[PDB]
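The form deposited in one PDB entry is given below as one chain in structure tokens.
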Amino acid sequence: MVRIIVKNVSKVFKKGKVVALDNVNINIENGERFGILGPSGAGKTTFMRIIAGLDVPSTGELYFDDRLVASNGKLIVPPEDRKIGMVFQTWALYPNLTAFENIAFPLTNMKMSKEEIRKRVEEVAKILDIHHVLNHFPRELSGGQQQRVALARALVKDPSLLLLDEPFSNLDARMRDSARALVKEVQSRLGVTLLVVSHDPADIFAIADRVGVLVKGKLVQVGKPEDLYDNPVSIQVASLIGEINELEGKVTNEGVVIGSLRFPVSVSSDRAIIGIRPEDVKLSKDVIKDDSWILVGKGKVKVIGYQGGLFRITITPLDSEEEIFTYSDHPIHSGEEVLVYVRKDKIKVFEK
């Protein structure tokens, strides 16, 4: 319901010495679910605070539709005038207000009578299915209920933009899937534009349709999650979006050579980085007659681990110390030589 134009946005701290965000350009479309993925300190919360209007770009401009909301150190349109709903790191509910009072809070100075407030709150509470615990204080609410109350509070003024800052923390864990589904259900019901920032790729895969990856304040890649996953711009982005094996080798004619292993790819460099995800490696004692799998050579199991009912097998190429791990329900033991197969079109290669 709102289009966000982020234009040449930068943010500095410490008198210009620290650049938290560097020349960020993004156009987020109306109703798009957009995610930002990056490691702690990449500048995620800074970006979010700027979209929220809690801070401003040091240089550059920010537009909501055609409205200039912030510009070069100046807050033009404040948070309360931006039609935003916010769910941050916690459900930051007021501990001493009932769920009803929490949801009613943002309507305090909206020129609404008591009955008008009551009706809006109950209506939103019913849609989020917490109408029945409106008299509970937050502490008496389950995790699922708290989420719903915090969302209700964020949606009580009918925003066109929902902002989520690491809403599924390292808390939850067995409840994260439910919370993700709720967010998505809410977004599709309302058509709101949505921005979620997180360091966890799982949040992004579950919610975002397009994702930007932030590294040290710079947006290094933007695309669909599947696109970052299969076609990462660098090994750092490759590993941020999911598990991957990183190997160093020599660019020798017929591919990249790493000990007894040869990868049918190349780069205009002397040495190269090979990225190959665990699901794209298969170990075998005999030939694989499959045009999907490609033989890259022989290897030897270095060590084996086990978890989630699955074996984690680590091999190295002959005469090499570089390791490749992969998962299987079939264990192969230390010292055993094997054939290493990979999905041809799944090999990633970068200049060293």
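Start at 1 with the first residue shown and count on from there.
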> Averaging C-alpha B-factors over each stretch, which comes out higher, 212 to 220 or 165 to 173?
Replying inline: 165 to 173
> If you average the Cα B factors in the entry, which is higher, 257 to 265 or 84 to 92?
Replying inline: 84 to 92
> Looking at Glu185, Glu101, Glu123, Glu248, which has the biggest Cα B factor in the entry?
Replying inline: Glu123
> From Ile235, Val77, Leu190, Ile130, pick the one with the largest CA B-factor in the entry?
Replying inline: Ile235
>> Can you tell me whether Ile304 has a C-alpha B-factor in the lowest, middle or highest third compared with the other modelled residues of the same chain?
In response: lowest
>> Can you tell me whether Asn27 has a C-alpha B-factor in the lowest, middle or highest third compared with the other modelled residues of the same chain?
In response: lowest
> For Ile273, does the deposited CA B-factor place it in the lowest, middle or highest third of the chain?
Replying inline: highest
> Ranked by Cα temperature factor within the chain, is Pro106 in the lowest third, the middle third or the highest third?
Replying inline: middle
> Looking at the C-alpha B-factor of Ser320, is it in the lowest, middle or highest third of its chain?
Replying inline: middle
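The protein also exists as the form deposited in another entry; that form is not presented, and the subsequent description refers to it.
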> Pick from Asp270, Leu155, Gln236, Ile127: which one is at the hinge of the rigid turn seen between this form and the one not shown?
Replying inline: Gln236
>> Between the shown chain and the other structure, the Cα gap of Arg277 to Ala42 differs by 3 Å or more. Is it closer or farther in the other form?
In response: farther
> Once you compare with this form, do the C-alpha atoms of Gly41 and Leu163 lie closer or farther in the other form, given a change of 3 Å or more?
Replying inline: closer
